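Enquirer: Before anything else, here's the structure in question.
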Amino acid sequence: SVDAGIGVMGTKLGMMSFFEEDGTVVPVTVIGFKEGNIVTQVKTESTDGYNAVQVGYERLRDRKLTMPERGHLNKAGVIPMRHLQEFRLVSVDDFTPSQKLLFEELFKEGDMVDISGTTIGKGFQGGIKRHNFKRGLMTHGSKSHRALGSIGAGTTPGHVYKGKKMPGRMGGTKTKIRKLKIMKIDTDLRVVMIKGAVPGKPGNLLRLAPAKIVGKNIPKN
Amino acid sequence: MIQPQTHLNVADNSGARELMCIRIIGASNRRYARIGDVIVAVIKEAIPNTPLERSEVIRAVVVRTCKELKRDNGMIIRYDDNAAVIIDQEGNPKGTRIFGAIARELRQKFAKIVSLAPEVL
Amino acid sequence: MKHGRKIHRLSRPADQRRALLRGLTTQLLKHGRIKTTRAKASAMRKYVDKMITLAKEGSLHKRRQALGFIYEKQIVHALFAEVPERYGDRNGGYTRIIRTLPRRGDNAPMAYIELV
Amino acid sequence: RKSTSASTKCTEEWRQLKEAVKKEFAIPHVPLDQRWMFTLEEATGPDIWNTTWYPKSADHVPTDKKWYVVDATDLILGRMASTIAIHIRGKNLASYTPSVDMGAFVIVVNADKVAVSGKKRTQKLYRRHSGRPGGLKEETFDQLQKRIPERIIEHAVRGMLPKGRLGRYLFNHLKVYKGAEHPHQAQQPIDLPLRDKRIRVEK
Amino acid sequence: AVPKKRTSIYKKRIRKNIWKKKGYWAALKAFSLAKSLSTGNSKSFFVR
RNA sequence: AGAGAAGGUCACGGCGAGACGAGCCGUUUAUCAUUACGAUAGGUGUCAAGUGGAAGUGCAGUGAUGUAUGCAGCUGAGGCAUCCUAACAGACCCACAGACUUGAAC
RNA sequence: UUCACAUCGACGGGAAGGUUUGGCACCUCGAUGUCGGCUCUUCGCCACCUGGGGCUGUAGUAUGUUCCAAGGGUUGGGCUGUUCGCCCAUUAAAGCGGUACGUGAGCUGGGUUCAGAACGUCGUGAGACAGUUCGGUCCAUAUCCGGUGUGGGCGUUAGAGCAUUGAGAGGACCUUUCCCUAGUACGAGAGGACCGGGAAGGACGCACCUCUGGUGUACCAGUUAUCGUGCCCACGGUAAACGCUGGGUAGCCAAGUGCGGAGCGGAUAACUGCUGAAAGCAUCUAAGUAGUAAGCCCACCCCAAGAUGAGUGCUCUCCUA
RNA sequence: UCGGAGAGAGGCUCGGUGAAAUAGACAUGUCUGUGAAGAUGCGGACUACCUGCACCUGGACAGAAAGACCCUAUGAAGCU
RNA sequence: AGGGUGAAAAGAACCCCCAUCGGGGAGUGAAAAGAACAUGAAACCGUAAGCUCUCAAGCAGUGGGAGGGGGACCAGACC
Ligand SMILES: [Mg+2]
Ligand SMILES: [Mg+2]
Ligand SMILES: [Mg+2]
Ligand SMILES: [Mg+2]
Ligand SMILES: [Mg+2]
Ligand SMILES: [Mg+2]
Ligand SMILES: [Mg+2]
Ligand SMILES: [Mg+2]
Ligand SMILES: [Mg+2]
Ligand SMILES: [Mg+2]
Ligand SMILES: [Mg+2]
Ligand SMILES: [Mg+2]
Ligand SMILES: [Mg+2]
Ligand SMILES: [Mg+2]
Ligand SMILES: [Mg+2]
Ligand SMILES: [Mg+2]
Ligand SMILES: [Mg+2]
Ligand SMILES: [Mg+2]
Ligand SMILES: [Mg+2]
Ligand SMILES: [Mg+2]
Ligand SMILES: [Mg+2]
Ligand SMILES: [Mg+2]
Ligand SMILES: [Mg+2]
Ligand SMILES: [Mg+2]
Ligand SMILES: [Mg+2]
Ligand SMILES: [Mg+2]
Ligand SMILES: [Mg+2]
Ligand SMILES: [Mg+2]
Ligand SMILES: [Mg+2]
Ligand SMILES: [Mg+2]
Ligand SMILES: [Mg+2]
Ligand SMILES: [Mg+2]
Ligand SMILES: [Mg+2]
Ligand SMILES: [Mg+2]
Ligand SMILES: [Mg+2]
Ligand SMILES: [Mg+2]
Ligand SMILES: [Mg+2]
Ligand SMILES: [Mg+2]
Ligand SMILES: [Mg+2]
Ligand SMILES: [Mg+2]
Ligand SMILES: [Mg+2]
Ligand SMILES: [Mg+2]
Ligand SMILES: [Mg+2]
Ligand SMILES: [Mg+2]
Ligand SMILES: [Mg+2]
Ligand SMILES: [Mg+2]
Ligand SMILES: [Mg+2]
Ligand SMILES: [Mg+2]
Ligand SMILES: [Mg+2]
Ligand SMILES: [Mg+2]
Ligand SMILES: [Mg+2]
Ligand SMILES: [Mg+2]
Ligand SMILES: [Mg+2]
Ligand SMILES: [Mg+2]
Ligand SMILES: [Mg+2]
Ligand SMILES: [Mg+2]
Ligand SMILES: [Mg+2]
Ligand SMILES: [Mg+2]
Ligand SMILES: [Mg+2]
Ligand SMILES: [Mg+2]
Ligand SMILES: [Mg+2]
Ligand SMILES: [Mg+2]
Ligand SMILES: [Mg+2]
Ligand SMILES: [Mg+2]
Ligand SMILES: [Mg+2]
Ligand SMILES: [Mg+2]
Ligand SMILES: [Mg+2]
Ligand SMILES: [Mg+2]
Ligand SMILES: [Mg+2]
Ligand SMILES: [Mg+2]
Ligand SMILES: [Mg+2]
Ligand SMILES: [Mg+2]
Ligand SMILES: [Mg+2]
Ligand SMILES: [Mg+2]
Ligand SMILES: [Mg+2]
Ligand SMILES: [Mg+2]
Ligand SMILES: [Mg+2]
Ligand SMILES: [Mg+2]
Ligand SMILES: [Mg+2]
Ligand SMILES: [Mg+2]
Ligand SMILES: [Mg+2]
Ligand SMILES: [Mg+2]
Ligand SMILES: [Mg+2]
Ligand SMILES: [Mg+2]
Ligand SMILES: [Mg+2]
Ligand SMILES: [Mg+2]
Ligand SMILES: [Mg+2]
Ligand SMILES: [Mg+2]
Ligand SMILES: [Mg+2]
Ligand SMILES: [Mg+2]
Ligand SMILES: [Mg+2]
Ligand SMILES: [Mg+2]
Ligand SMILES: [Mg+2]
Ligand SMILES: [Mg+2]
Ligand SMILES: [Mg+2]
Ligand SMILES: [Mg+2]
Ligand SMILES: [Mg+2]
Ligand SMILES: [Mg+2]
Ligand SMILES: [Mg+2]
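Rendered as structure tokens:
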């Protein structure tokens, strides 16, 4: 999964409504930023086997970081950071450890992004809610209701299948929302407004990459 | 949000007092008629001695819902009843005069209907 | 689930839990320190502070609001006397919670909630 | 933490005493290389001439074993894989035992030049199954050989090795590389003897 | 649903040992707590 | 054997994480003086938001009731401030320069 | 119309399948039980639609028949115990089969017509019916396997903290109208395209709470009965787990809001081909190659080194006597 | 349609007390084949570290004894 | 349904743990046989010591026996 261009990380601040001159209201997620988006490490095909660049994000007090990690950011000559991530490119010549990224130079207006984040955890969920199972009959005689139904066939095969859909834990995962649009960038507040929803509640951690379009940005295979 | 077995009031001359919706059309497998959708209805109550007999199967377009229509202005519109207007398969209303308000959202597919209206919203 | 549901249930229905809390705070204001379960304590904080903050203002309005919470009048009047004296400078935070050895009967975690 | 307290000191010392005395009176090991019928010491021991010889721990020790290299270019898959299986198993040593690993290591190089007769390049079918229903997957030999060509020879030799504990432990002795180069030069690989006539194909 | 067979001795010993291991973690909490009340410096804790 | 490596678990305050374990965030709460990193929860103060005009006392009315004081009073699961309470005291695990062989280098 | 082989194909023959009605009695009788729906799958292909083709008695549109193709799809009602089937209105189409009626330690109707009763009929009669009718009890705390999730231990050859490669595994790659092309080819007209662009929809999936709302026993207001707070005032309790109503923030949620389904990538099935022999002609094939499918494989999206084949990378720590 | 949210009693964790039906022994995978003709236990492949907990109910021809249905018995009884 | 401390209750003074029960010493006794008391099998429940299991598919054994341990006198054997 080679990624087109460098992305940055940001924090979801929550959604508001945003007018256009002709009175079109677009709901937008407001993505704020914090001190960070600093290139931490760079990995060459020779040395690491592939091409990638590791950016750090959130600043942090020194104590809170562990000795191995602190040593990792001292080798870079960068400030202490909470989250590290990797972007995977096809060409890494433009990047030097300790370099800084500015989201104003990587993202214009009317551009397409891709937002990865973690989803809201809904806990341990039933068949209905997790898979959209239809619920059985509520009244005439029936004792089923929200129950799972039958889980397999008879004597043959005589065991349930793998992957057969069941109640378990729902949400709380890396999710990617493809092809969003950037409505407005505010320099004063250093914020980006994006049309539509992105995963997770305010105070989340997001990853924005320029959109991967399977024909034209990526290796053919 | 008209769906089968829903009862409707008719908005025009056409001489039907009440319609029961049996089908939504052109929406593929949708279950919801909303404003501007063509539904197959049947006539339940008729205005006596009119070209329309009860128990007729007819086409009509939904011009009013109790559900809410959302324009791009952020504007929303909600009526107090459901109503449709009985048409031909050409888009021409069978009855020649229409009651009640309508929306500018019908202007694309039905001209006649927006024309005959007493008010436009 | 609950996300952002902040209330203390105390494993009682609404009615009982209200009455419970009224009771426990009249006890706390009457004796000045008491022994309960950690849950009941942590829950009781809010309403203790409500009464104290109430009596700092003293108006017939406020006093009527306290009378309609606490069970015993005498305690309320005592409050509206004492508090401007004892708490005048303390901006919030009027309770100490000092936890103890668990209960023998059920092994319920105990605690000591003090009027500070 | 390794305690240097007089206690652990004492214990280790004592254990090397036990080991010393156990080593002195035990019968020496005489490896099998020009190993004549008996040493004057074994002669006092158990009866190893009138029972079937079974290998002891000093024999099969991993560090000893031969290494071999098979250049697989223009070899025929199966016929080579049988040879390989024989050597890995140990069936070509006088010391062979079914219950033990006496075998060699075998290094297969140029695993993308391996040759197969007739239409097999397009016909032979490598199937593997998820374990869900409808979970069957199929490759032709050629798709496989372009994608991950080592798996072809691994999959052909593993077929001819015993199955079960010794089988798997054996299978780790087969080292396969797609290029013409192997990073085993330190192990000093000998070349593999091939006594088959038909194993070498010519175009 | 019933137990088609009777549970074998050794497996049962493993399950009950699992239930006995919770005693190990309880003994750790208890020890740490004792060493905390054994200095008389804790203002969050009280004993009588 | 003393000690307690890096780190971990526990404890303690928590959560948009959670059946339990798990995950994540905190644990003296900074300094600043030009950025950002040192407020976890509760409380308190203010703000958004909700509800819809408090009690008391005046006036009008035979009275039920209306009207003035007053976008009031109550609430505030959301923000932002401020260490006022509780993050005290602490405990446990954990530290043979990494068996053996073979080349290469020096 | 001519013409056996576009499409039908009589008289007969040769098969496959194992879904119909059967034969057998190998099977279980103690409590291994038939048909419909609900929920939930899954697989086959003899293909109903959607992708690509050959032939036509194919002008065009639409067919007919057949080839490859099972990735996806296959509605909602009136009627029945029903398999079957009929109709209504749609639809791209409303496929046929297997899975012990697929599924009763998941649910529910009939059926084993259990005991009551009545009708017709047979019987002198007690009673009877592969006649009809009304009424009529199936339980269940999961030991093991199987499954969906989620931990600990131990391994990973010193111990750790981070960041990742991706073997393998899954999810998803679906479909309809309409508009340009152009009223252009085609046809005397009536009718009316292939190919490639553009929008709107459907179903399904992934999120989300700005708007519209639902709930919201955190809260706020009215209000009935009544008992408390000494009485008026004003509040508190009760009217199960809100006394009854009217609103509602955060949460959760959909009917609300976004987004998705991309590939002049790779290799093929049918088929169309180019060079071209064996048979100095011909031939898409024997050598060698070119186009080409909703199919196959990579790409897309999550997981993933217990991938014991236990990967690679950066940093940290190994004191004292 | 097409489900949503909430309250209580359980479920879940911790402390106290503490059963039951069941049970040849069980070190108790999947596919396919075989076989008294539907196998964890026989064959061949394939897949699988050890062990908990919460949930689910396809299998173990799951569990609760004579099969009510059919037949047998020179059985039993009621009735004509 | 519930029998057998000893020959004799000599049925355990005194001290310690100590609210009682229960126990450990001392003392009685041939023996503690200590009152739930005489021989005390099996299931079943454990505790300690020796070897050993966390890539594994199995009516659990058997023939072969790697490595490790133990009591020997025919030390080449036995467990
Ligand atoms: Mg971290
Ligand atoms: Mg959650
Ligand atoms: Mg339903
Ligand atoms: Mg019910
Ligand atoms: Mg309870
Ligand atoms: Mg009540
Ligand atoms: Mg408050
Ligand atoms: Mg340390
Ligand atoms: Mg933890
Ligand atoms: Mg905690
Ligand atoms: Mg501390
Ligand atoms: Mg705070
Ligand atoms: Mg806060
Ligand atoms: Mg007033
Ligand atoms: Mg009021
Ligand atoms: Mg007056
Ligand atoms: Mg307001
Ligand atoms: Mg401060
Ligand atoms: Mg403090
Ligand atoms: Mg070394
Ligand atoms: Mg050495
Ligand atoms: Mg013919
Ligand atoms: Mg028979
Ligand atoms: Mg049974
Ligand atoms: Mg076919
Ligand atoms: Mg087609
Ligand atoms: Mg055709
Ligand atoms: Mg024609
Ligand atoms: Mg298909
Ligand atoms: Mg399929
Ligand atoms: Mg299908
Ligand atoms: Mg079509
Ligand atoms: Mg069925
Ligand atoms: Mg089916
Ligand atoms: Mg069943
Ligand atoms: Mg019946
Ligand atoms: Mg008669
Ligand atoms: Mg009845
Ligand atoms: Mg179990
Ligand atoms: Mg299991
Ligand atoms: Mg696990
Ligand atoms: Mg694990
Ligand atoms: Mg480990
Ligand atoms: Mg380790
Ligand atoms: Mg990754
Ligand atoms: Mg892959
Ligand atoms: Mg695997
Ligand atoms: Mg795939
Ligand atoms: Mg595609
Ligand atoms: Mg023309
Ligand atoms: Mg097109
Ligand atoms: Mg679309
Ligand atoms: Mg909303
Ligand atoms: Mg909101
Ligand atoms: Mg409401
Ligand atoms: Mg709401
Ligand atoms: Mg009174
Ligand atoms: Mg009241
Ligand atoms: Mg009362
Ligand atoms: Mg009552
Ligand atoms: Mg009550
Ligand atoms: Mg209400
Ligand atoms: Mg939508
Ligand atoms: Mg081709
Ligand atoms: Mg041709
Ligand atoms: Mg020629
Ligand atoms: Mg030619
Ligand atoms: Mg060829
Ligand atoms: Mg192609
Ligand atoms: Mg394709
Ligand atoms: Mg497509
Ligand atoms: Mg690893
Ligand atoms: Mg290895
Ligand atoms: Mg619910
Ligand atoms: Mg509930
Ligand atoms: Mg109860
Ligand atoms: Mg318990
Ligand atoms: Mg019993
Ligand atoms: Mg096993
Ligand atoms: Mg057979
Ligand atoms: Mg079988
Ligand atoms: Mg088997
Ligand atoms: Mg066996
Ligand atoms: Mg055999
Ligand atoms: Mg089951
Ligand atoms: Mg169940
Ligand atoms: Mg089975
Ligand atoms: Mg069996
Ligand atoms: Mg007879
Ligand atoms: Mg007789
Ligand atoms: Mg004594
Ligand atoms: Mg006493
Ligand atoms: Mg005593
Ligand atoms: Mg004595
Ligand atoms: Mg004596
Ligand atoms: Mg005895
Ligand atoms: Mg393996
Ligand atoms: Mg092992
Ligand atoms: Mg085994």
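One line per chain: the protein sequences are D, L, O, K and 1, in this order.
For the first sequence, PDB author numbering gives the first residue as 85, with consecutive numbering after it.
For the second sequence, PDB author numbering gives the first residue as 1, with consecutive numbering after it.
For the third sequence, PDB author numbering gives the first residue as 11, with consecutive numbering after it.
For the fourth sequence, PDB author numbering gives the first residue as 48, with consecutive numbering after it.
For the fifth sequence, PDB author numbering gives the first residue as 2, with consecutive numbering after it.
Ideal placement from N, C-alpha and C gives every residue a C-beta, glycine not left out.
1) In terms of DSSP beta bridges, what is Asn9 (chain L) paired with?
2) With a threshold of 16 other CB atoms inside 10 Å of the CB of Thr86 (chain K), please say whether the residue is buried or exposed.
3) So does the region 267-286 of chain D actually touch the region 231-245 of chain D, counting three or more Cβ pairs closer than 8 Å?
4) Looking at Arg126 (chain K): is its Cβ nearer than 7 Å to the Cβ of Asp243 (chain K)?
5) Alpha carbon to alpha carbon, how far is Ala117 (chain L) from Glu56 (chain L)? Give it in angstroms, no decimals.
6) Just verifying my parser: in three-state terms, what is the DSSP assignment at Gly205 (chain D)?
7) What in chain L is Cβ-close to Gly107 (chain D), meaning under 8 Å?
8) Quick check: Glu88 (chain K) and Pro75 (chain K), are their CB atoms within less than 7 Å of each other?
9) Closer than 7 Å, Cβ to Cβ, to anything on chain K: give me those residues from the region 188-200 of chain D, in chain order.
10) Starting from the beta carbon of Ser45 (chain 1), find every residue of chain O whose beta carbon is closer than 7 Å, and list them in chain order.
11) Output yes or no for whether 7 Å exceeds the beta carbon distance between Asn82 (chain L) and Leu8 (chain L).
12) Write down the C-beta distance between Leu31 (chain O) and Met54 (chain O) rounded to the nearest angstrom, noting that I regard them as a contact closer than 8 Å.
13) Please report how far the alpha carbon of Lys44 (chain L) lies from the alpha carbon of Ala16 (chain L), in whole angstroms.
14) Of the residues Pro181 (chain D), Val282 (chain D), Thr108 (chain D), which one's Cα is nearest the Cα of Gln125 (chain D)?
15) Return the first residue and the last residue of the alpha helix (DSSP H) that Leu34 (chain O) is part of.
16) Which residues in the same chain as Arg23 (chain L) place their Cβ atom closer than 8 Å to its Cβ, once the five residues preceding and following it in sequence are excluded?
17) Using the DSSP secondary-structure output, state which residues sit across from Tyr173 (chain K) in a beta bridge.
18) Give me the Cβ distance between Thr105 (chain O) and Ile85 (chain O), rounded to the nearest whole Å; I'm assuming they're in contact under 8 Å.
19) Can you tell me which of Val223 (chain K), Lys250 (chain K), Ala141 (chain K) puts its alpha carbon nearest to the alpha carbon of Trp114 (chain K)?
20) Can you tell me whether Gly211 (chain D) is helix, strand or coil according to DSSP?
21) Do the region 150-160 of chain K and the region 18-25 of chain 1 meet, that is, are 3 or more Cβ pairs less than 8 Å apart?
22) Please go through the same chain and pick out, in chain order, the residues whose beta-carbon is closer than 7 Å to the beta-carbon of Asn49 (chain L), but skip the five residues on each side of it.
23) When the distance is taken between beta carbons, is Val139 (chain D) closer than 7 Å to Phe179 (chain D)?
24) Give the DSSP-derived three-state secondary structure of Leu79 (chain K) in the structure shown.
Expert: Reading it off the structure:
1) Beta bridge pairing from DSSP links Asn9 (chain L) with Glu18 (chain L), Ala83 (chain L).
2) In summary, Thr86 (chain K) is exposed, with fewer than 16 beta-carbon neighbours lying within 10 Å of its beta-carbon over all protein chains present.
3) Counting Cβ pairs under 8 Å, fewer than three are found: no touch.
4) Yes, the Cβ-Cβ distance between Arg126 (chain K) and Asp243 (chain K) is below 7 Å.
5) When only Cα atoms are considered, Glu56 (chain L) and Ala117 (chain L) end up about 25 Å apart.
6) In this structure, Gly205 (chain D) counts as coil in the three-state DSSP scheme.
7) At a beta-carbon threshold of 8 Å, the residues of chain L lying near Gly107 (chain D) are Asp72, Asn73, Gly74, ordered along the chain.
8) The answer is yes: Cβ separation under 7 Å.
9) Residues of the region 188-200 of chain D whose Cβ lies closer than 7 Å to any Cβ of chain K: none.
10) The answer, in chain order, is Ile108, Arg109.
11) Between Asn82 (chain L) and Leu8 (chain L), the CB-CB gap stays under 7 Å.
12) Right, their Cβ atoms sit about 6 Å apart.
13) Rounded to whole angstroms, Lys44 (chain L) to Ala16 (chain L) spans 8 Å at the Cα level.
14) Minimum Cα distance to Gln125 (chain D) is reached at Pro181 (chain D).
15) First-last of the alpha helix (DSSP H) with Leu34 (chain O): 24-41.
16) Excluding sequence neighbours, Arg23 (chain L) sits near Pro4, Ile39, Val40.
17) Bridge partners of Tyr173 (chain K) according to DSSP: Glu186 (chain K).
18) So it is not a contact: roughly 16 Å between Cβ atoms.
19) It is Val223 (chain K) whose Cα lies nearest to the Cα of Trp114 (chain K).
20) DSSP places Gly211 (chain D) in helix when its eight states are reduced to three.
21) In this structure the region 150-160 of chain K does not lie against the region 18-25 of chain 1, because fewer than three pairs of beta carbons, one per stretch, are closer than 8 Å.
22) For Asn49 (chain L), where only same-chain residues beyond five positions count, there are no Cβ hits under 7 Å.
23) Not a contact, by the Cβ cut-off of 7 Å.
24) If DSSP states are grouped into helix, strand and coil, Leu79 (chain K) belongs with coil.
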